[PDB]
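Please read the structure below before turning to the comments.
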Amino acid sequence: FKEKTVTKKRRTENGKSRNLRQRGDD
Amino acid sequence: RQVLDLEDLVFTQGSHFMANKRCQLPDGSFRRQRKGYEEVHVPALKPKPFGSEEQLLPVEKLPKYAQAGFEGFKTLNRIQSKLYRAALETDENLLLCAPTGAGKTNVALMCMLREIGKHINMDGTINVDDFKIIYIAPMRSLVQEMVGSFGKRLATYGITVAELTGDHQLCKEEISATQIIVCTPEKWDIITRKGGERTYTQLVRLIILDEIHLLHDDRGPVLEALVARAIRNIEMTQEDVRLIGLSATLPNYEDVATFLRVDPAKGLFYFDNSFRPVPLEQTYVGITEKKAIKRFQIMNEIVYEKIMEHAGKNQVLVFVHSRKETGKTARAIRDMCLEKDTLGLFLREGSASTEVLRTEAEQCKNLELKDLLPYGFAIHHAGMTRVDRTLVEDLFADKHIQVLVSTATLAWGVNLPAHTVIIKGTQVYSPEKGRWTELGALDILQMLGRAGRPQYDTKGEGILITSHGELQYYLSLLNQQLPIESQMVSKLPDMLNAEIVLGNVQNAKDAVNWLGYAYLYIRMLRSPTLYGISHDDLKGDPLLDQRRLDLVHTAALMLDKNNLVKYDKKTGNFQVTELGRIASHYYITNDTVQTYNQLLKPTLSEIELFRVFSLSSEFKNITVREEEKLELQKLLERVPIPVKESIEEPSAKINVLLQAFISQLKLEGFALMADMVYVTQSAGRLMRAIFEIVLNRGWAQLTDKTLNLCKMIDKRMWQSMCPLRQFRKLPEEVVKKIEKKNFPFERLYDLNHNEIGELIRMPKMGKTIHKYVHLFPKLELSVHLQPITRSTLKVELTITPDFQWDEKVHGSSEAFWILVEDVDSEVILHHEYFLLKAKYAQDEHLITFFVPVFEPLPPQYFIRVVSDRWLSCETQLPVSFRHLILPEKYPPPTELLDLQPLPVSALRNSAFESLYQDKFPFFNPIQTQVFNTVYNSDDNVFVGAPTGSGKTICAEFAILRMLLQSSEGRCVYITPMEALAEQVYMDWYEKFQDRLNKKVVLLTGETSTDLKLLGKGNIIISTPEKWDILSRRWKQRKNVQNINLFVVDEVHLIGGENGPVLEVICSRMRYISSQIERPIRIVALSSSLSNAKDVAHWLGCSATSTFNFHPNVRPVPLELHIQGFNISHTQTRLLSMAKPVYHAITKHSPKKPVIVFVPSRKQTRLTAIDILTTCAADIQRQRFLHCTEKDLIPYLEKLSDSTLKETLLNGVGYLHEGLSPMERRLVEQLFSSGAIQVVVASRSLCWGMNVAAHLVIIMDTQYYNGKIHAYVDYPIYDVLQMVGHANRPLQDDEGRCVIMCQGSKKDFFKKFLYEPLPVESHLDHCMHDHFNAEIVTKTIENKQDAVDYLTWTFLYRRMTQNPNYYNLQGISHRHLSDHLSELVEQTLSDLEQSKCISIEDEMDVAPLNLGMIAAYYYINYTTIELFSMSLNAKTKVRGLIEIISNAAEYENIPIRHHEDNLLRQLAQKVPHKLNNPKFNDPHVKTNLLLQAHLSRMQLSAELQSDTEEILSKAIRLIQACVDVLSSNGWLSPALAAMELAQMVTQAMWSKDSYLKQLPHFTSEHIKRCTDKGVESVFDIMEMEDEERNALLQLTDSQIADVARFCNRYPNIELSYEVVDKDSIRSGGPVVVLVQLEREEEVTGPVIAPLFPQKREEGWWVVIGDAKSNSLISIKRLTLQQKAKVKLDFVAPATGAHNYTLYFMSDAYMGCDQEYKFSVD
C-alpha cells in the first residue's frame, strides 16, 4: 500500500586471515 | 432604532391570504350558477404551438452517463427539452416555474445527474463519498415516493437515496451512509439547528427546493431561513452550492429568482398553464349554502352528478379530506347510484363480464373493499394493508376500478394519473390551528397535476368542490393570478434566535445584514405599502437599513426580556444565554420559555409538572370541543395522575390526552385523534427541553421526575408497572401476571429460570424471561475518593457492565447520566454524560471528576447513574464521609513587599552587571525581594511564583554567588522537560560561556560522555532521568558528591507524571548533602503552591527563606476567561468551537499576537484552515499578515509543506511535531518578528516554545487515549504552563487567556487556575525500580534501612498532612510507621518474587543478578522479569522481536484515532505475522513498527515519529536481552540477539544481503553486483576503483560517499592466545588473551543512515561450545584504537575440548569473525 524508502578512493589493504562467520541461511 | 409591532405588520390567515386583487379569468372559461351553487368551467388550453427549429430531445442525444436513469422513455417532453441544456451543461442556479404535473422531478433528476457526472471517476464507477445531494420536499408522503422513485431510477449508478426521518443520532448515521437525502423543510431545518449537518456540510453540492412556492403557506419562515442560511454560507465560506427551485406558475416569480440568487437571463424558466403536457379542464364549484347539514347534503349529489358524466368512459379519482371519509363517501356514492334507476349497471359496465371477471376473482379480500370492488368502486387510503394498497393501485392502472375515492396521500405517494379527478370538501381539520381550515395551496396543485394520463388522454377535465366564499382564492391560485408573499414577519424572533445560537450573527450589525438575504426584504423592496412602509419612508432609505435595525431592536429586547439571549443597548452585541440555546435546539417559541421560567421551580410535584406542560404556548390555540366533552369525562377517571386546577379547560384536555396516550387508552372519536397525535409528537420535544432546562440549574428532584416522564412518553409506559414491557417480544399476559405479584424487579436477578417459572407458574417460558432479566441494563459502581484540597475532592468512579449485550434490544450504544447529589438530595453538585459503546461492553470504565465539599461535612453524597432511555434503570451508591480527614489548611502566601526596585548595579562585580545591564536597568519586584536572600546568603531557598515571573533570574543569582564564592565550582540545573533543558542550555550558553567564559554543558544519554562533561563542565543542564542514571552510583563517583549548587526547576511537577524520578533525585541529593559533611546548597523554583511549607521542609529550606507568592503577583496582569460548551461528542464539540476561536480573536486581541493550542497534530491543520476561511469570510481579508509578501518569499522558499505555505501567505501559521526543526525555527522567527499574527500549535509542543503572545487560547482541554480508549483531560500543570505563555512584559500591559472547555470541567478550572494548587507525591506507585537500584549499590541492606530511606522523600512529608490521599486511616506516628512498613514489605516481596533481590531471615536483602542487569541499563523491573521468563534456549529473531516489543517501556506509546485501519493494513505487509492481535494494544503496534522499519518500507509520516521513538528505546533492551541470555548460558539466542541489534541499526533483515547497507543502493544495483561475484563490503574496499565505478552507476557523490562509507566500515584484526595451554588441568582456571588492532584510526561515530540517534561501535567477544549450545564466557567492550582483553572460565573434565571464539559487532553486519581453537 506504500513505497519503500531507500537510503574519494580507499585501497588500504594488509595481509590477513580474513575469516568471517557464515550466513547460515538464518 | 424604533420598536415596530410585529402583529400588525404580518398578514394573517396564512396561505389563504391572497395578494391577488381581481383574478382575471382566461378566455377559455365560463361561469354558470344552478340552485345554491355556481360552477366555473375552464376548458383545457390547447398546448402552445411548437416554434421553429424546436423538437423534443431524443434520449440518445444527451450525455452517455445520463443515458442511464432515463430508460423506458423515448424522448424528454417539451419542458425537459427546454431545460436540459441548463440542467446538464451549466452549473447555474435554476428556478423552474411550470404547471404541476409537468415533470419537474425529471429536471431535478437531470441536475442530480449533472452532480453525479462531476464524479464519473474511471471504469464506469462513481465516487460515492465525494458528494451529497439534498432534496427538499413539502410532504412526507411525497418524500417516501421520491425516495422509492429515485432509488429505482439511480440504482445503476450504485447511489443510495433515503429519507431523513428518525432520531438525530439515527439521522447522523443515515446521512453518512447515503448520497441523496430527501426530507421535509422542517426536518432539514431542525437537523441544521441541532448541528447534525456540520460534518458533511462540505459534501453538499446540490440542493433542490421542490415546491418552492410554498413560502406563502406560513412555512415561509422555515424555508426562507434555510435558503438565506445557505446563500449566506456560500458568501461566508466562498464555497459553491447549486440551488434548484421548482415552483408553480405564479406572479412575482422574478422576486423568488432574486431571492434564490438566480440569473433571470440564464437560470430563469417560466411556463404558463398552456405548457401543461396533458391538457386538462379546471372545474370549480362554489356552494353558497350556509347551514352545514344542507351544504354537506348538496355535496353528495354534486359528486354523483359529475360522476355520471364519465360513468362509462373515464376513470374518475375522487379525493376526500380524512381517512375515514373515504369509505363513507364510496358507500354513499354507491348507494346513491344504485337506489335510483340503478345507474351502476353502466357505471360498472360489466358488458357480460368482459372486464368484471378480474374483480370477481379479486373479491377475496378481508376489508370493506370486498363490498365495493365487484361494483367497480374502490378506496385507497393510508392504513388498510400494504398489499391492499398495491393491489388497488395495480388494478386501477389496468383501467378496472371505474371510480376510486382516496385521500390526499395518493397524489404524493404513487404516480397514479387518471382522466377525471374531483376534489371534494377542500376543508381539512388543522390540529395546529385547532380548527377547520382550507387545505394548502400546494396540495391542490399537486392533486390537479395527476389528472389526465400522459399518453392515453387527449384532455381530462378536473373538478373542485369548495364553499362559494373561497372560490376566488382557488381560481386565483390555478389561473396564476395569485402572487406569493412573505410571512417572515410573524416568526421573526425565533429565526433570529436560531441564527444567534448558530453563531452566524454575533452582533446586531450582522443580523441587520442577515435580513438582507431574506425573501421578506425583497418583498418589502418591491411592495413597501403592503408591508406597512410608506412611500416617503421608502424614499428615505433606499435599502431600508434603518427599518431592519428597528425590527432587530424589537426582537432583541423581546428575547432579552425572556432571558433567551442577553442584549446590550450600548453596543448591540448578542450573548447566547444557555436557556436560549435549549430553546433553539428544541423549536420552542419565546413565549413557551417565558412561561417555563415563571412556572418551573425546584419543588414542583409530578401533578404540577403535567399542568406546567399543558400550559405551553404551542397549544395556546387548542380548545375543547363540546361534542367530545362527554367522552373526555370517562377518560379522566381512568388516567392515573389526578388533574387538579382543571374544569375541562384546554390545559385539562391536554393533560388528560397525554395521560391517555401514556396509558395507551383507546379512543372512539375521530377529532380527538388529530389532537391526540399533535400533542404527542410535540410532547417528546418539550419534555426533553424542560429536562435540559432543569438539568443545568442542578435541581435534583425535578430533573429525575422530568427524565422519568421523558422515558415514559417515549416508551408509552408508567413507572408503576413492570419494566419488562420495554421488550416488545414478551407476551403481555405474562407481564400482567408478573405485575399481579407484588414482587420487586431486582429480586428477579438472583432467581434462576426454573424458580422464575414456578413463581409465575408458567415454567415453559421460564427460561426466556430469565434471558430478558439478564438483558436489562445494569451497572456496578465503585468509588475511590481522594481529598485534593480542604474544599474539593477527586472521585474516581469505576463502572462495570453486568448484562449481556444484544444488538437487537440494546443497539450500537447506551447512554447514561452520572449525577452527584448532596445529602439532602435536592441539588446536583455535578452531572456528566456517559456513553457505553457496544464494542467496549463488559469492560471496566473509569470516570474521574471533582466535587466540592464544605466545612461542616454532610454524612453522604449520592452518586446515581441513570439510563437515558430505559425506565427503572438507575444505580445509586452512597459515598460516605464518616472516616474522611481533610487536608490541613494551608498558610497564607508570602506577601509581596513594596520594596524600592533594585538597580542592576547592586551586583558587586562589573562583569556580572554586564550580563543584564543591556536588557533592563531594574529588576521586577519579585526578584528584588528574593535577591538579598539568594545572592547575599548561603542557604537552601524555595521560590514560588507564577510562571513568567523570571525565576530563572533567581537561579542565575544563585549561580553568580557560587562563581563569586569559588572560581571553579559546579552547579547542576535539573528541569523536568527535555525541551526546557535545551532552551535553558541555549540561553546560558549565550549568557555564561560567551561572556563569563565558564563551561556550560548539557547531559546526554551515554554515561561516559556524561561523566566527561560533569568532570569538565561548570554548569550541568539535565533532566531527571539523565541525572538519575549518574547519581545512582554516587558513592563511587567523586564528582557527583562535591557540587556547590543544585537548582531544581518546575518543582511542582513532582505531583504529575514523571514526578517520582524528580522526587527521588532530589531526596538523594539531600541525603548526599547530609552524608558528605559539606552542605550542598539547594535552590528550588516552582509555581505557587498551597503546601509550600511541606516542600520547604522537605528540601530543608528555612521558614524565613521560603517565598510563596500568590498567582495575582504576576508582573503582567492576567485576564482569564473560561468558556464552557455543553457538548459531549468531541468532533461535534470542536466543529462548533472553531468559530468562537475567531470571534475571541477579534474581540480580545485584534492587532496583537495570538497563540492557539489544539489537542492533536491532525487537528492543527484543520483549525488553521478553518480560521483562515473564516477570516476570508469576513469583510477584512488577510488581516493576520502585517508584512509584505515580497519579504515573505525568501522565508517561504525554505518551507516544504504546501498547506503551510498557503496559510502563511494569509497570516496564519501552525506548528506541530511533524514539522522539521528548521521549519519550526523559521515559523517561530516569523511570529516573533511580527510578520504573522496567529499561530496554531499542537498542545504536546507547548513546552518546547520560546515565543510569547498577547492572547492565548486553549482549544479543548482534552485528548484521546487509545490504551484506555477514552478521552482524558490535560494535566493541570500542563494547562497552567500553556496559560503562562501569555506574557509580553516589554510592550503589552496585560495578557489574556481564553480557555474553552466542555461545560463539565468549567467549574474545576475556576477552582484551580486562579489560586495556588496543591502537589501530591506519586512515589508510592512507582517505587520498585528505585528500591532495586538502591539495593544494587548497597545503599539499602535491610528493611530498616529502606524505612529510614523513605523518610527523606516528599511522600513521608505528605502522608502526615493529607492522609486519605494515600489510603492512610490515622495521623499518629504509629499509623505512619505501620503504613511505611507495609509498603516497603510489599515492594520487597515483589522484588523477591521477580528474583531481582534475595531476602534472607526476612530481615536482610541482597542484590541478585537480574537486579544488577535491571539497574545497570536503567530498565523497569517488570521488563527484566518478562525477559527472564519468556526467553528460552531456542528463541530466534522472531521470538526476540516479539519479546522486546512486549517491554514495559513501550506501554506509554500513543494510540491515536483511526490508526487501527492503517495498522491492520500494515500488519499484512510485514514478513512475520502475529497471532490474532488486538490493534489497540501498544505492544502490538510496537512489534508492527519494528517489523516495518526492519524491512526498510515507508509508512505515512504521522506514524513515522513513533518508529524513531521505538528505535531510540530499543537498543538498551536488546543489550539487556543479550546480558540475560549470557547469564543463562545460551549461545544461539545470544548470537541471534546480537544479529538483531546489528540489523535494527542497519534497518535490514538478516536474510537480506549485506550490500543493502551501502547508501544509494537498490535491488537492481545489488543484482548487477551479485552475478559479478561481489557479495561483501570488504571486496569493495578491495576493488580497483574503476571496476566499482563502471559496474555501479554513480555521480560524483555516489562513488564519493559510498567509498567513504567503506572507510567508515570497521575492519579490525585480532589475535588470540591461550595462556599456558600446556600446563592446564580439569577444574583449573582457563584464561585466554585477545589482542584487537585497527590500523585505521577511528573518525567519528557509526554511520547509521536510517537509525535516528547517533551511535558508537560496540563489540562482543564470546567463547562458546557450538555442539552443546553453551555460552562459556562473554565480554562487552568498545574499541578505540587497540585493546587487550582477558577472558576466563573453568575447564571441564576429560581434558580435550574444542570451543569457538566469536567476535560480533552491534552496528555493522558482516564483520563477525569466528576462530576455532582446542584445549588440553
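In the C-alpha cells, each chain is lettered A, B, ... as it comes, each chain's residues begin at 1, and ligands are numbered from 1 in order of appearance.
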Write out as a count of residues only every residue belonging to chain B that has an atom at most 9 Å from any atom of chain A, counting only C-alpha atoms.
41
List the spatial neighbours of residue B:1119 as an MDAnalysis selection string - criterion: any atom at most 10 Å away, only C-alpha atoms, same-chain residues fewer than 4 positions off excluded.
chainID B and resid 1255 1286 1294:1298
Return the single residue from B:933, B:1287, B:1261, B:1274 that is closest to residue B:1154, with distances computed using only C-alpha atoms.
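Of B:933, B:1287, B:1261, B:1274, the one nearest residue B:1154 is B:1287, counting only C-alpha atoms.
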Stretch 517-533 of chain B: which residues within 10 Å, counting only C-alpha atoms, same-chain residues fewer than 3 positions away excluded, as a PyMOL selection string?
chain B and resi 8-11+19+215+220-221+223-232+252+255-256+258-261+484-489+512-514+536-538+542-544+547-548
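Atom pair atom CA of residue B:1145 / atom CA of residue B:1257 has a distance of 8.7 Å (rounded to one decimal).
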Name all residues at most 9 Å from residue B:832 (count only C-alpha atoms; drop same-chain ones fewer than 5 positions away) and give them as a tab-separated table (two decimals) with N, CA, C and O atoms, in the first residue's frame.
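File result-v5.tsv, as written:
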```tsv
chain	number	residue	atom	x	y	z
B	816	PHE	N	-26.01	7.09	29.57
B	816	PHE	CA	-26.29	7.20	30.99
B	816	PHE	C	-25.94	8.60	31.45
B	816	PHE	O	-25.09	9.28	30.88
B	817	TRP	N	-26.61	9.03	32.52
B	817	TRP	CA	-26.32	10.29	33.18
B	817	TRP	C	-25.77	9.98	34.56
B	817	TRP	O	-26.40	9.25	35.33
B	818	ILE	N	-24.60	10.52	34.86
B	818	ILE	CA	-23.97	10.40	36.17
B	818	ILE	C	-24.28	11.67	36.95
B	818	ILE	O	-23.90	12.76	36.52
B	819	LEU	N	-24.95	11.53	38.08
B	819	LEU	CA	-25.39	12.67	38.87
B	819	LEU	C	-24.88	12.53	40.29
B	819	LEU	O	-25.06	11.48	40.91
B	820	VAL	N	-24.25	13.58	40.80
B	820	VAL	CA	-23.76	13.62	42.17
B	820	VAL	C	-24.64	14.59	42.93
B	820	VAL	O	-24.78	15.75	42.54
B	1128	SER	N	-21.12	16.74	24.33
B	1128	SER	CA	-20.37	15.56	24.76
B	1128	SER	C	-19.46	15.04	23.65
B	1128	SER	O	-18.28	14.74	23.89
B	1304	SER	N	-18.58	20.52	31.66
B	1304	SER	CA	-18.43	19.73	32.88
B	1304	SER	C	-17.19	20.16	33.67
B	1304	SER	O	-17.23	20.21	34.91
```
Alpha helix (DSSP H) per DSSP on the backbone: members of stretch 1471-1585 of chain B, as a short mmCIF file (atom, residue, chain, number, x, y, z; two decimals) with N, CA and C atoms, in the first residue's frame:
```cif
data_model
loop_
_atom_site.label_atom_id
_atom_site.label_comp_id
_atom_site.auth_asym_id
_atom_site.auth_seq_id
_atom_site.Cartn_x
_atom_site.Cartn_y
_atom_site.Cartn_z
N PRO B 1482 -0.67 -1.35 22.61
CA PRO B 1482 0.57 -0.67 22.18
C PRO B 1482 1.70 -1.63 21.85
N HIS B 1483 1.79 -2.77 22.52
CA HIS B 1483 2.87 -3.71 22.22
C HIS B 1483 2.74 -4.26 20.81
N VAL B 1484 1.51 -4.54 20.37
CA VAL B 1484 1.30 -5.00 19.01
C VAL B 1484 1.74 -3.93 18.02
N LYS B 1485 1.40 -2.67 18.30
CA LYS B 1485 1.83 -1.59 17.42
C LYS B 1485 3.34 -1.48 17.37
N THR B 1486 4.01 -1.62 18.52
CA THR B 1486 5.46 -1.54 18.52
C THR B 1486 6.07 -2.68 17.73
N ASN B 1487 5.52 -3.88 17.85
CA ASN B 1487 6.01 -5.01 17.07
C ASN B 1487 5.84 -4.75 15.58
N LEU B 1488 4.67 -4.25 15.18
CA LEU B 1488 4.44 -3.96 13.77
C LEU B 1488 5.40 -2.88 13.27
N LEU B 1489 5.63 -1.84 14.06
CA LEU B 1489 6.52 -0.77 13.63
C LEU B 1489 7.96 -1.26 13.52
N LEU B 1490 8.38 -2.11 14.46
CA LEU B 1490 9.73 -2.66 14.38
C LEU B 1490 9.89 -3.51 13.13
N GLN B 1491 8.89 -4.33 12.82
CA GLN B 1491 8.97 -5.14 11.60
C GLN B 1491 8.98 -4.26 10.36
N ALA B 1492 8.17 -3.21 10.35
CA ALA B 1492 8.13 -2.32 9.19
C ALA B 1492 9.47 -1.63 8.99
N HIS B 1493 10.03 -1.07 10.06
CA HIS B 1493 11.31 -0.38 9.93
C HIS B 1493 12.42 -1.34 9.53
N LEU B 1494 12.40 -2.55 10.08
CA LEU B 1494 13.44 -3.52 9.74
C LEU B 1494 13.42 -3.84 8.25
N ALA B 1501 3.73 9.60 7.27
CA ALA B 1501 4.70 10.33 8.09
C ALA B 1501 4.24 10.49 9.53
N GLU B 1502 2.93 10.53 9.77
CA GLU B 1502 2.46 10.72 11.14
C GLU B 1502 2.87 9.55 12.03
N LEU B 1503 2.70 8.32 11.54
CA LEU B 1503 3.13 7.15 12.30
C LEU B 1503 4.64 7.00 12.31
N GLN B 1504 5.36 7.77 11.51
CA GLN B 1504 6.80 7.58 11.38
C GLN B 1504 7.53 7.99 12.66
N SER B 1505 7.05 9.02 13.34
CA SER B 1505 7.74 9.51 14.53
C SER B 1505 7.80 8.44 15.62
N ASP B 1506 6.72 7.67 15.76
CA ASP B 1506 6.70 6.60 16.74
C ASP B 1506 7.83 5.61 16.49
N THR B 1507 8.15 5.37 15.22
CA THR B 1507 9.25 4.46 14.91
C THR B 1507 10.57 4.99 15.44
N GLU B 1508 10.81 6.29 15.30
CA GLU B 1508 12.03 6.86 15.85
C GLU B 1508 12.06 6.70 17.36
N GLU B 1509 10.93 6.92 18.03
CA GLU B 1509 10.91 6.74 19.48
C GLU B 1509 11.21 5.30 19.87
N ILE B 1510 10.59 4.35 19.17
CA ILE B 1510 10.78 2.93 19.49
C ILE B 1510 12.23 2.54 19.30
N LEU B 1511 12.82 2.93 18.17
CA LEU B 1511 14.22 2.59 17.93
C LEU B 1511 15.12 3.23 18.97
N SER B 1512 14.79 4.45 19.39
CA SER B 1512 15.57 5.10 20.44
C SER B 1512 15.58 4.26 21.70
N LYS B 1513 14.43 3.72 22.07
CA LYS B 1513 14.38 2.92 23.29
C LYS B 1513 14.88 1.49 23.11
N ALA B 1514 15.05 1.02 21.87
CA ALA B 1514 15.20 -0.41 21.64
C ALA B 1514 16.58 -0.94 22.03
N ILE B 1515 17.63 -0.17 21.79
CA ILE B 1515 18.97 -0.74 21.81
C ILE B 1515 19.35 -1.21 23.21
N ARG B 1516 18.94 -0.47 24.24
CA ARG B 1516 19.22 -0.92 25.60
C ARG B 1516 18.47 -2.20 25.92
N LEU B 1517 17.24 -2.34 25.43
CA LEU B 1517 16.51 -3.58 25.64
C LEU B 1517 17.22 -4.75 24.98
N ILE B 1518 17.75 -4.54 23.78
CA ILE B 1518 18.46 -5.62 23.10
C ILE B 1518 19.71 -6.00 23.88
N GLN B 1519 20.45 -5.00 24.38
CA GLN B 1519 21.64 -5.31 25.17
C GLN B 1519 21.27 -6.06 26.44
N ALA B 1520 20.15 -5.70 27.07
CA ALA B 1520 19.70 -6.42 28.25
C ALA B 1520 19.35 -7.86 27.91
N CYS B 1521 18.70 -8.08 26.77
CA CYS B 1521 18.40 -9.44 26.35
C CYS B 1521 19.69 -10.23 26.17
N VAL B 1522 20.70 -9.60 25.58
CA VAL B 1522 21.99 -10.27 25.42
C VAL B 1522 22.57 -10.64 26.77
N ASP B 1523 22.52 -9.71 27.73
CA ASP B 1523 23.09 -9.99 29.05
C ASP B 1523 22.34 -11.11 29.76
N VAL B 1524 21.01 -11.12 29.66
CA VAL B 1524 20.23 -12.17 30.29
C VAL B 1524 20.54 -13.52 29.67
N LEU B 1525 20.59 -13.58 28.34
CA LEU B 1525 20.91 -14.83 27.67
C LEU B 1525 22.30 -15.32 28.04
N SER B 1526 23.26 -14.41 28.13
CA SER B 1526 24.60 -14.80 28.54
C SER B 1526 24.60 -15.33 29.97
N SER B 1527 23.84 -14.69 30.85
CA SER B 1527 23.75 -15.16 32.23
C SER B 1527 23.18 -16.57 32.29
N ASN B 1528 22.13 -16.84 31.50
CA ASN B 1528 21.58 -18.18 31.47
C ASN B 1528 22.49 -19.18 30.76
N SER B 1532 23.23 -19.76 20.97
CA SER B 1532 22.46 -19.36 19.80
C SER B 1532 21.50 -18.21 20.06
N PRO B 1533 20.74 -18.17 21.16
CA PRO B 1533 19.90 -16.98 21.37
C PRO B 1533 20.71 -15.71 21.53
N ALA B 1534 21.88 -15.79 22.16
CA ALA B 1534 22.71 -14.60 22.30
C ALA B 1534 23.19 -14.11 20.95
N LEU B 1535 23.63 -15.02 20.09
CA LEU B 1535 24.05 -14.62 18.75
C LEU B 1535 22.88 -14.04 17.97
N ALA B 1536 21.69 -14.62 18.13
CA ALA B 1536 20.52 -14.07 17.45
C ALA B 1536 20.23 -12.66 17.93
N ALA B 1537 20.38 -12.41 19.23
CA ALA B 1537 20.14 -11.06 19.74
C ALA B 1537 21.18 -10.07 19.23
N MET B 1538 22.45 -10.49 19.16
CA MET B 1538 23.46 -9.60 18.60
C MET B 1538 23.17 -9.28 17.14
N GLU B 1539 22.78 -10.28 16.36
CA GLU B 1539 22.42 -10.02 14.97
C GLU B 1539 21.19 -9.12 14.90
N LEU B 1540 20.27 -9.26 15.85
CA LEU B 1540 19.11 -8.38 15.88
C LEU B 1540 19.52 -6.94 16.11
N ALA B 1541 20.49 -6.72 17.00
CA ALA B 1541 20.99 -5.36 17.21
C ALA B 1541 21.63 -4.82 15.94
N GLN B 1542 22.48 -5.62 15.31
CA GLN B 1542 23.11 -5.18 14.06
C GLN B 1542 22.05 -4.79 13.04
N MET B 1543 21.03 -5.63 12.89
CA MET B 1543 20.06 -5.41 11.83
C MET B 1543 19.11 -4.27 12.16
N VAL B 1544 18.83 -4.02 13.43
CA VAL B 1544 17.98 -2.88 13.76
C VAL B 1544 18.73 -1.57 13.51
N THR B 1545 20.04 -1.54 13.80
CA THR B 1545 20.77 -0.32 13.46
C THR B 1545 20.86 -0.13 11.95
N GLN B 1546 21.14 -1.20 11.20
CA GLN B 1546 21.24 -1.03 9.76
C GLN B 1546 19.91 -1.13 9.04
N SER B 1563 17.85 -2.94 -5.22
CA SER B 1563 17.87 -4.36 -5.54
C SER B 1563 18.43 -4.62 -6.93
N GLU B 1564 18.20 -3.70 -7.87
CA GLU B 1564 18.78 -3.86 -9.20
C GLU B 1564 20.29 -3.65 -9.16
N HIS B 1565 20.75 -2.62 -8.45
CA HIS B 1565 22.18 -2.44 -8.26
C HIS B 1565 22.79 -3.68 -7.62
N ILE B 1566 22.13 -4.22 -6.60
CA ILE B 1566 22.64 -5.40 -5.92
C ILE B 1566 22.64 -6.61 -6.85
N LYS B 1567 21.63 -6.72 -7.72
CA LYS B 1567 21.60 -7.84 -8.65
C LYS B 1567 22.73 -7.76 -9.66
N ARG B 1568 23.02 -6.56 -10.16
CA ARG B 1568 24.18 -6.40 -11.03
C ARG B 1568 25.47 -6.64 -10.26
N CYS B 1569 25.47 -6.40 -8.95
CA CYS B 1569 26.63 -6.72 -8.12
C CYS B 1569 26.80 -8.23 -7.97
N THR B 1570 25.69 -8.95 -7.86
CA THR B 1570 25.69 -10.36 -7.47
C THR B 1570 26.41 -11.25 -8.47
N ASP B 1571 25.89 -11.29 -9.69
CA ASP B 1571 26.40 -12.18 -10.73
C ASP B 1571 27.88 -11.94 -10.99
N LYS B 1572 28.34 -10.72 -10.73
CA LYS B 1572 29.76 -10.43 -10.86
C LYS B 1572 30.59 -11.28 -9.91
N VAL B 1577 31.12 -6.11 1.59
CA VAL B 1577 31.66 -4.75 1.52
C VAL B 1577 33.18 -4.77 1.47
N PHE B 1578 33.80 -5.77 2.09
CA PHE B 1578 35.25 -5.83 2.12
C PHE B 1578 35.84 -5.91 0.72
N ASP B 1579 35.19 -6.65 -0.19
CA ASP B 1579 35.73 -6.72 -1.55
C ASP B 1579 35.63 -5.37 -2.25
N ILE B 1580 34.59 -4.60 -1.94
CA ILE B 1580 34.50 -3.23 -2.46
C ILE B 1580 35.66 -2.40 -1.92
N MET B 1581 35.97 -2.55 -0.63
CA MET B 1581 37.19 -1.96 -0.11
C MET B 1581 38.42 -2.47 -0.86
N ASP B 1585 39.24 1.03 -8.20
CA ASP B 1585 38.14 1.99 -8.26
C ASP B 1585 37.35 1.94 -9.56
#
```
Quick one: residues within 6 Å of residue B:564, only C-alpha atoms, excluding same-chain residues fewer than 4 positions away - as a compact mmCIF listing (two decimals) with C-alpha atoms, in the first residue's frame?
```txt
# COMPACT_ATOMS: atom_id res chain seq x y z
CA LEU B 559 -35.67 37.95 23.61
CA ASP B 560 -33.71 39.64 26.39
CA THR B 577 -27.68 32.55 27.23
CA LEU B 579 -31.66 28.86 28.01
CA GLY B 580 -31.77 30.36 24.52
```
Shell around residue B:90 at 12 Å using only C-alpha atoms, local window under 3 positions removed, as a PyMOL selection string:
chain B and resi 83-87+93-94+110-111+114-115+118+242+266-267
